[PDB]
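Before any comments, here is the structure.
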Amino acid sequence: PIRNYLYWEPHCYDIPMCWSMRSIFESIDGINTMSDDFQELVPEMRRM
Amino acid sequence: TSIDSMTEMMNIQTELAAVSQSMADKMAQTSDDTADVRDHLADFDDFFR
């Protein structure tokens, strides 16, 4: 819920560590997407 | 017989080309996502900078 607050917060990036925490969570989301990318790349190597 | 073998080789080469193109596109998307991650992390820690 705090993460949702960070995403919704307009002044998240200015004063507090809200920006740091929100960007950490964005990196977590990107790491999940990177895992999805690995799961997509495995069939490519299988076909090769 | 050699003509048949060469035709099969050409088909396999076409399939390899398709595979390579798919791999390149997916790696481009992965690099875009990783660039987003790096931009977030670099923009992060400013409180702790």
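Just so you know, the protein sequences line up as chains E and D, in that order. Counting from 582, one number per residue, gives the positions in the first sequence under the entry's author numbering. Counting from 533, one number per residue, gives the positions in the second sequence under the entry's author numbering. The beta carbon of each residue, even a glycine, is placed where N, CA and C say it ideally should be.
Using a Cβ cut-off of 7 Å, pull out every chain E residue sitting near residue i, in sequence order please.
i        : result
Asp557/D : What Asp557/D touches in chain E: nothing, since even the nearest Cβ is about 10 Å away.
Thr562/D : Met615 and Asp618
Taking residue i as the query, report the chain E residues whose CB atoms sit under 8 Å from its CB, ordered along the chain.
i        : result
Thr566/D : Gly611 and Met615
Quick one: list the residues of chain D neighbouring residue i, beta-carbon separation under 7 Å, in chain order.
i        : result
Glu621/E : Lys558
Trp589/E : The premise fails here: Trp589/E is roughly 17 Å from chain D at the closest Cβ pair, so nothing lies under 7 Å.
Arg628/E : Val551
Would you mind stating whether residue i and residue j have Cβ atoms separated by less than 9 Å?
i        : j        : result
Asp575/D : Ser604/E : yes
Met629/E : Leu573/D : no
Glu621/E : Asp568/D : no
Using a C-beta to C-beta distance shorter than 8 Å, which residues of chain D count as neighbours of residue i?
i        : result
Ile583/E : Correct list: empty, because the minimum Cβ distance to chain D is about 15 Å.
Q: Kindly confirm or deny that the stretch 604 to 623 of chain E and the stretch 555 to 575 of chain D touch, where touching means at least three C-beta pairs closer than 8 Å.
A: yes
Q: Pull out every residue of the stretch 534 to 558 of chain D whose Cβ sits closer than 7 Å to any Cβ of chain E, in chain order.
A: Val551, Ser554, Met555 and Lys558
Q) Is there contact between the stretch 591 to 602 of chain E and the stretch 539 to 557 of chain D, where contact requires at least three CB pairs shorter than 8 Å? A) no
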